[PDB]
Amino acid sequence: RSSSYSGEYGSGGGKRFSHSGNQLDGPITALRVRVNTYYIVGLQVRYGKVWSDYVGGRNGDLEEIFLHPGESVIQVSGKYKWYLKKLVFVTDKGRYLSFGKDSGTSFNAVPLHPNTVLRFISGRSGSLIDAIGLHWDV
């Protein structure tokens, strides 16, 4: 199998979410991360031309970054406690797309198999992002 999964990173709070179906819309083209003083509050990912359903809460400022045509995420690092605190999306164009506060238990996610990239994300959410998982594929 070429697919692999990294996670789950964070806690057991909130409720499961998965962008598993969203990969049919296209590759990841953009990121939205809502961030407050201490946490990652909310997440949205654009697959092809279509934004995912917003997950997480409302108490924070929206940060939004668009990817270049053909730009793929090849690594994701971050930090968490009871809730997700930081996220860094490392792309194959050498960009490091960083969100949130540099504190907590660190993680460092890389794809298991040859020539795979970030295809979708899952995790847990409520008023914040409780946990995140990364799904790698061709």
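Rigid core: the largest C-alpha set superposing within 1.5 Å between the two forms. So that there is no doubt, residue numbering starts at 1 and follows the sequence shown.
Taking the rigid core as the alignment reference, the C-alpha atoms of 1-9 lie farther on average from the displayed form in 8 other deposited structures of this protein than those of the other stretch among 128-136 and 1-9. As the entry records it, the average C-alpha temperature factor is higher for 90-98, out of 90-98 and 40-48. Taking the mean C-alpha B-factor of each stretch as recorded, 129-137 and 2-10 are not equal, and the higher mean is that of 2-10. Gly104: CA B factor in the highest third of modelled residues in this chain (values from the PDB entry). Residue-level temperature factors show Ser122 in the lowest third of its chain, judged at the C-alpha atom. Compared with the other modelled residues of the chain, the Cα B-factor recorded for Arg32 ranks in the lowest third.
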